[PDB]
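K.L.:
Below: one structure in structure tokens.
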Amino acid sequence: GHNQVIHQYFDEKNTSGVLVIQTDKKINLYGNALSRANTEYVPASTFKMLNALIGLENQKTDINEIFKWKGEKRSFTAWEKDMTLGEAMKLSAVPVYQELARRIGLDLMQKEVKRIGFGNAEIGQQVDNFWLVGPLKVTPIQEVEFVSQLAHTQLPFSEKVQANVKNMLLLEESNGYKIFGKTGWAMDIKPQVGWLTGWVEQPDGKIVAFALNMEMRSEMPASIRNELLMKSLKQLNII
Ligand SMILES: *C(=O)[C@H]([C@@H](C)O)[C@H]1CC(SCCNC=N)=C(C(=O)O)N1
């Protein structure tokens, strides 16, 4: 419940960021840089959540389709394989979502993103990269509401599409608890911005949504977004 101690894990991991908690439309802030919570950032791979929903709902793909790897080299060897939407989500495989995005196309993408009102709701002109280098931007409080709605099936999509994307996002399962969430890491902008947006599904059915945002640098291990989040949810006794 403090708020000062959570400042000190942020203090020591020599980062700058904010953890936004939403418990039934009540927003709390934690970190060492609470001002981040209202500044716009590129969403990075957290936009895969809304990309999937738009693609599924408009029947540009489905949860069974297998995306074929056509042999070109990709940033990670784990990405060099055939995979579904959901497997691409768990690995944040940009090429699959770029292909998806190109099927949706610019008009449909822009119309949906502003109908959802996602962040600043601007995708510019290149349909396959606006979530990594602009011009699409989003504050971390806006991300905790988005994933909050998704968790309660309240987004302006059908419920079956939402439920489909939610099963793509299961991260841990321990003690009757479930953690869902999506990581992001914009490595190609300065300063780098890391994301971990999701929700906790407590055994009694309660839902607490979070959006960890932090400045990033090339040397940190990717698990730093998980470490900081997990021990903050334990400190706040959400888990
Ligand atoms: C999403 O935010 C980025 C995007 C900018 O490429 C990618 C890069 C990193 S690391 C890839 C993890 N691979 C696999 N098993 C992530 C991320 O997972 O946070 N997403």
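By order of appearance in the structure tokens: chains A, B, ..., then residues from 1 within every chain, and ligands from 1 in the order shown.
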Enumerate residues in contact with ligand 1: an atom-to-atom distance of at most 7 Å, counting only C-alpha atoms and all ligand atoms. Format the result as a list in words.
P.N.:
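The residues near ligand 1 are residues 44, 45, 46, 76, 78, 91, 92, 93, 94, 132, 183, 184, 185, 186, 187 and 222 of chain A.
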K.L.:
Those same residues, written as a PDB file, in the first residue's frame with C-alpha atoms?
P.N.:
ATOM      1  CA  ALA A  44       5.350  -0.624 -29.227  1.00  0.00           C
ATOM      2  CA  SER A  45       4.187  -4.273 -29.074  1.00  0.00           C
ATOM      3  CA  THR A  46       1.301  -3.488 -26.700  1.00  0.00           C
ATOM      4  CA  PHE A  76      15.018 -13.313 -33.271  1.00  0.00           C
ATOM      5  CA  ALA A  78      12.299 -17.824 -32.142  1.00  0.00           C
ATOM      6  CA  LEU A  91       6.520 -13.861 -28.701  1.00  0.00           C
ATOM      7  CA  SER A  92       5.682 -10.315 -29.925  1.00  0.00           C
ATOM      8  CA  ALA A  93       6.461 -11.354 -33.488  1.00  0.00           C
ATOM      9  CA  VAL A  94       6.248  -8.042 -35.390  1.00  0.00           C
ATOM     10  CA  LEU A 132       6.714   1.498 -33.210  1.00  0.00           C
ATOM     11  CA  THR A 183       5.056  -6.492 -22.990  1.00  0.00           C
ATOM     12  CA  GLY A 184       6.428  -3.782 -25.226  1.00  0.00           C
ATOM     13  CA  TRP A 185       9.903  -2.344 -25.793  1.00  0.00           C
ATOM     14  CA  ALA A 186      10.499   0.499 -28.244  1.00  0.00           C
ATOM     15  CA  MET A 187      14.243   0.053 -28.736  1.00  0.00           C
ATOM     16  CA  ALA A 222      13.827  -8.101 -20.606  1.00  0.00           C
TER      17      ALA A 222
END
K.L.:
I'd like the contact shell of stretch 111-125 of chain A - 7 Å cut-off, only C-alpha atoms, skipping same-chain residues fewer than 4 positions apart - returned as a list in words.
P.N.:
residues 107, 130, 135, 136, 137, 138, 139, 142 and 156 of chain A
K.L.:
Those selected residues, please, written with C-alpha atoms and delivered as a compact mmCIF listing (two decimals), in the first residue's frame.
P.N.:
# COMPACT_ATOMS: atom_id res chain seq x y z
CA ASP A 107 -8.53 3.26 -43.89
CA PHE A 130 2.90 3.42 -36.80
CA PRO A 135 2.92 8.85 -34.96
CA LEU A 136 0.70 6.74 -32.66
CA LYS A 137 1.11 7.64 -28.99
CA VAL A 138 -0.59 6.71 -25.73
CA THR A 139 -0.32 7.60 -22.04
CA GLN A 142 -4.94 5.43 -21.19
CA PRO A 156 -16.35 -1.66 -28.65
K.L.:
Counting only C-alpha atoms, figure out which residue out of A:233, A:163, A:83, A:193 gets nearest to residue A:56.
P.N.:
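Of all the options, A:163 lies closest to residue A:56.
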K.L.:
Closest to residue A:144 among A:217, A:182, A:48, A:90, using only C-alpha atoms?
P.N.:
A:182
K.L.:
Please determine, counting only C-alpha atoms, which residue among A:192, A:213, A:175, A:22 has the shortest atom-to-atom distance to residue A:145.
P.N.:
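Smallest separation from residue A:145 among the options: A:22.
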K.L.:
Where in stretch 30-168 of chain A does DSSP assign helix (DSSP H, G or I), given as a ChimeraX atom specification?
P.N.:
/A:34-38,44-57,77-79,85-91,94-104,106-115,130-133,140-151,159-167
K.L.:
Residues within 12 Å of residue A:98, please, as a list in words. Count only C-alpha atoms; anything in the same chain fewer than 2 positions from it doesn't count.
P.N.:
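In the requested format, the answer is residues 45, 47, 48, 51, 52, 55, 67, 85, 88, 92, 93, 94, 95, 96, 100, 101, 102, 103, 104, 105, 126, 127, 128, 129, 130, 131 and 132 of chain A.
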K.L.:
Residues of the last selection are to be written out with N, CA and C atoms, as a JSON list (two decimals), in the first residue's frame.
P.N.:
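Final file, part_14.json:
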[["chain", "number", "residue", "atom", "x", "y", "z"],
["A", 45, "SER", "N", 4.91, -3.03, -28.85],
["A", 45, "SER", "CA", 4.19, -4.27, -29.07],
["A", 45, "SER", "C", 2.87, -4.36, -28.31],
["A", 47, "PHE", "N", 0.47, -2.63, -28.83],
["A", 47, "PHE", "CA", -0.55, -2.41, -29.84],
["A", 47, "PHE", "C", -1.00, -3.74, -30.51],
["A", 48, "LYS", "N", -0.33, -4.85, -30.23],
["A", 48, "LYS", "CA", -0.73, -6.12, -30.80],
["A", 48, "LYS", "C", -2.09, -6.55, -30.26],
["A", 51, "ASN", "N", -4.39, -4.56, -32.44],
["A", 51, "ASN", "CA", -4.25, -5.08, -33.80],
["A", 51, "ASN", "C", -5.01, -6.39, -33.95],
["A", 52, "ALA", "N", -4.81, -7.32, -33.01],
["A", 52, "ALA", "CA", -5.50, -8.60, -33.08],
["A", 52, "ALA", "C", -7.01, -8.40, -33.07],
["A", 55, "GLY", "N", -8.22, -7.13, -36.36],
["A", 55, "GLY", "CA", -8.09, -8.11, -37.43],
["A", 55, "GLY", "C", -9.11, -9.22, -37.31],
["A", 67, "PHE", "N", 0.49, -18.50, -39.98],
["A", 67, "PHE", "CA", 1.25, -17.54, -40.78],
["A", 67, "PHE", "C", 2.56, -18.20, -41.20],
["A", 85, "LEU", "N", -1.71, -16.28, -34.88],
["A", 85, "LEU", "CA", -1.82, -14.99, -34.21],
["A", 85, "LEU", "C", -1.40, -15.08, -32.75],
["A", 88, "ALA", "N", 2.29, -15.71, -32.18],
["A", 88, "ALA", "CA", 2.97, -14.45, -32.47],
["A", 88, "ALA", "C", 2.81, -13.45, -31.33],
["A", 92, "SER", "N", 5.63, -11.67, -29.37],
["A", 92, "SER", "CA", 5.68, -10.31, -29.93],
["A", 92, "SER", "C", 6.35, -10.33, -31.29],
["A", 93, "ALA", "N", 5.85, -11.19, -32.17],
["A", 93, "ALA", "CA", 6.46, -11.35, -33.49],
["A", 93, "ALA", "C", 5.89, -10.30, -34.42],
["A", 94, "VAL", "N", 6.57, -9.16, -34.49],
["A", 94, "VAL", "CA", 6.25, -8.04, -35.39],
["A", 94, "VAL", "C", 5.88, -8.49, -36.81],
["A", 95, "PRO", "N", 6.68, -9.33, -37.49],
["A", 95, "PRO", "CA", 6.33, -9.63, -38.90],
["A", 95, "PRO", "C", 4.92, -10.17, -39.08],
["A", 96, "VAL", "N", 4.44, -11.03, -38.18],
["A", 96, "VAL", "CA", 3.06, -11.51, -38.29],
["A", 96, "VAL", "C", 2.07, -10.36, -38.16],
["A", 100, "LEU", "N", -0.66, -8.89, -40.80],
["A", 100, "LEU", "CA", -2.05, -8.61, -40.40],
["A", 100, "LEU", "C", -2.42, -7.16, -40.68],
["A", 101, "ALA", "N", -1.57, -6.22, -40.23],
["A", 101, "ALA", "CA", -1.88, -4.80, -40.38],
["A", 101, "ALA", "C", -2.05, -4.43, -41.84],
["A", 102, "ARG", "N", -1.25, -5.04, -42.72],
["A", 102, "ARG", "CA", -1.36, -4.72, -44.13],
["A", 102, "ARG", "C", -2.65, -5.25, -44.73],
["A", 103, "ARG", "N", -3.21, -6.33, -44.17],
["A", 103, "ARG", "CA", -4.53, -6.82, -44.59],
["A", 103, "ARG", "C", -5.62, -5.85, -44.18],
["A", 104, "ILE", "N", -5.60, -5.40, -42.93],
["A", 104, "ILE", "CA", -6.56, -4.40, -42.48],
["A", 104, "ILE", "C", -6.49, -3.17, -43.38],
["A", 105, "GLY", "N", -5.28, -2.67, -43.64],
["A", 105, "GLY", "CA", -5.11, -1.51, -44.50],
["A", 105, "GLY", "C", -5.37, -0.21, -43.76],
["A", 126, "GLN", "N", 1.98, 4.89, -42.96],
["A", 126, "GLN", "CA", 2.53, 3.56, -43.13],
["A", 126, "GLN", "C", 1.75, 2.68, -42.18],
["A", 127, "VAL", "N", 0.85, 1.85, -42.72],
["A", 127, "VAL", "CA", -0.02, 1.04, -41.89],
["A", 127, "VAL", "C", 0.76, 0.01, -41.09],
["A", 128, "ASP", "N", 1.97, -0.35, -41.53],
["A", 128, "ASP", "CA", 2.69, -1.45, -40.88],
["A", 128, "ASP", "C", 3.78, -1.01, -39.91],
["A", 129, "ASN", "N", 3.81, 0.25, -39.48],
["A", 129, "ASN", "CA", 4.83, 0.59, -38.48],
["A", 129, "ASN", "C", 4.47, 1.76, -37.58],
["A", 130, "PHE", "N", 3.21, 2.18, -37.51],
["A", 130, "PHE", "CA", 2.90, 3.42, -36.80],
["A", 130, "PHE", "C", 2.95, 3.25, -35.29],
["A", 131, "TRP", "N", 2.87, 2.02, -34.79],
["A", 131, "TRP", "CA", 2.92, 1.72, -33.37],
["A", 131, "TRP", "C", 4.33, 1.54, -32.84],
["A", 132, "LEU", "N", 5.35, 1.64, -33.68],
["A", 132, "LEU", "CA", 6.71, 1.50, -33.21],
["A", 132, "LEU", "C", 7.52, 2.77, -33.28]]
K.L.:
Tell me, as a ChimeraX atom specification, which residues lie within 8 Å of stretch 15-21 of chain A, counting only C-alpha atoms; anything in the same chain fewer than 6 positions away does not count.
P.N.:
/A:27-37,140-141,144,208-216,229
K.L.:
For the residues in that selection, give me N, CA, C and O atoms as a short mmCIF file (atom, residue, chain, number, x, y, z; two decimals), in the first residue's frame.
P.N.:
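Full text of out_0.cif as output:
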data_model
loop_
_atom_site.label_atom_id
_atom_site.label_comp_id
_atom_site.auth_asym_id
_atom_site.auth_seq_id
_atom_site.Cartn_x
_atom_site.Cartn_y
_atom_site.Cartn_z
N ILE A 27 -7.97 5.03 -10.23
CA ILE A 27 -6.62 4.98 -10.75
C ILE A 27 -5.66 5.42 -9.66
O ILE A 27 -5.84 6.49 -9.07
N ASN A 28 -4.64 4.60 -9.39
CA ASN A 28 -3.54 4.95 -8.50
C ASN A 28 -2.22 4.92 -9.26
O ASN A 28 -2.07 4.17 -10.24
N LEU A 29 -1.27 5.73 -8.80
CA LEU A 29 0.05 5.88 -9.41
C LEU A 29 1.13 5.42 -8.43
O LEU A 29 0.99 5.57 -7.22
N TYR A 30 2.19 4.83 -8.98
CA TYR A 30 3.34 4.39 -8.20
C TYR A 30 4.57 4.38 -9.11
O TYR A 30 4.46 4.27 -10.34
N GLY A 31 5.75 4.49 -8.50
CA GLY A 31 6.99 4.53 -9.24
C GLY A 31 7.99 5.51 -8.68
O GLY A 31 8.00 5.75 -7.47
N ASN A 32 8.88 6.06 -9.52
CA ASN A 32 9.70 7.21 -9.17
C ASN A 32 9.49 8.38 -10.12
O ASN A 32 10.31 9.31 -10.11
N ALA A 33 8.52 8.30 -11.02
CA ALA A 33 8.32 9.32 -12.05
C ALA A 33 6.84 9.31 -12.43
O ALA A 33 6.46 8.99 -13.55
N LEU A 34 6.01 9.70 -11.47
CA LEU A 34 4.56 9.67 -11.65
C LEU A 34 4.08 10.57 -12.78
O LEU A 34 2.97 10.37 -13.28
N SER A 35 4.88 11.56 -13.18
CA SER A 35 4.48 12.42 -14.28
C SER A 35 4.40 11.67 -15.62
O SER A 35 3.64 12.10 -16.51
N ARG A 36 5.15 10.57 -15.77
CA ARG A 36 5.10 9.72 -16.97
C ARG A 36 3.67 9.28 -17.28
O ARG A 36 3.29 9.13 -18.45
N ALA A 37 2.86 9.09 -16.23
CA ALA A 37 1.52 8.52 -16.37
C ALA A 37 0.62 9.31 -17.31
O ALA A 37 -0.32 8.73 -17.88
N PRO A 140 0.21 6.04 -20.23
CA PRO A 140 0.01 4.80 -19.47
C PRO A 140 -1.31 4.75 -18.71
O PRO A 140 -1.80 3.64 -18.45
N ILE A 141 -1.92 5.89 -18.35
CA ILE A 141 -3.26 5.79 -17.78
C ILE A 141 -4.25 5.37 -18.87
O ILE A 141 -5.12 4.53 -18.64
N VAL A 144 -4.01 1.58 -19.16
CA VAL A 144 -4.65 0.78 -18.12
C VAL A 144 -6.16 0.75 -18.30
O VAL A 144 -6.79 -0.26 -18.00
N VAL A 208 -7.94 -6.47 -11.31
CA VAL A 208 -7.10 -5.30 -11.10
C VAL A 208 -6.18 -5.16 -12.30
O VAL A 208 -5.41 -6.07 -12.60
N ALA A 209 -6.26 -4.02 -12.99
CA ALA A 209 -5.50 -3.79 -14.21
C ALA A 209 -4.31 -2.87 -13.94
O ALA A 209 -4.39 -1.96 -13.11
N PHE A 210 -3.21 -3.10 -14.66
CA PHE A 210 -1.96 -2.38 -14.43
C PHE A 210 -1.35 -1.97 -15.77
O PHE A 210 -1.58 -2.60 -16.80
N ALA A 211 -0.56 -0.90 -15.74
CA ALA A 211 0.19 -0.47 -16.92
C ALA A 211 1.54 0.05 -16.41
O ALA A 211 1.65 1.19 -15.98
N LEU A 212 2.55 -0.82 -16.45
CA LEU A 212 3.90 -0.44 -16.08
C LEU A 212 4.58 0.20 -17.28
O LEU A 212 4.65 -0.39 -18.37
N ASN A 213 5.05 1.42 -17.09
CA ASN A 213 5.78 2.14 -18.12
C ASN A 213 7.09 2.60 -17.51
O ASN A 213 7.12 3.02 -16.35
N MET A 214 8.17 2.51 -18.29
CA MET A 214 9.48 2.90 -17.77
C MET A 214 10.43 3.20 -18.92
O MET A 214 10.33 2.62 -20.02
N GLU A 215 11.35 4.13 -18.66
CA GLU A 215 12.44 4.40 -19.58
C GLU A 215 13.33 3.17 -19.69
O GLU A 215 13.56 2.47 -18.70
N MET A 216 13.86 2.93 -20.88
CA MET A 216 14.57 1.70 -21.13
C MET A 216 15.94 1.98 -21.76
O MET A 216 16.19 3.07 -22.30
N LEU A 229 7.23 -5.33 -11.87
CA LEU A 229 5.78 -5.46 -11.73
C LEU A 229 5.41 -6.45 -10.63
O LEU A 229 4.60 -6.14 -9.76
#
K.L.:
For residue A:228, find every residue with an atom within 9 Å (counting only C-alpha atoms), except residues of its own chain fewer than 5 positions away, and show them as a ChimeraX atom specification.
P.N.:
/A:6,9-10,13,212,223,233
K.L.:
With C-alpha atoms retained, could you export that selection as a compact mmCIF listing (two decimals), in the first residue's frame?
P.N.:
# COMPACT_ATOMS: atom_id res chain seq x y z
CA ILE A 6 7.60 1.00 -4.54
CA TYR A 9 12.50 -0.71 -6.36
CA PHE A 10 12.15 1.88 -9.11
CA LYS A 13 16.69 -0.50 -10.86
CA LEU A 212 3.90 -0.44 -16.08
CA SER A 223 12.65 -9.65 -17.31
CA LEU A 233 1.76 -6.39 -6.94
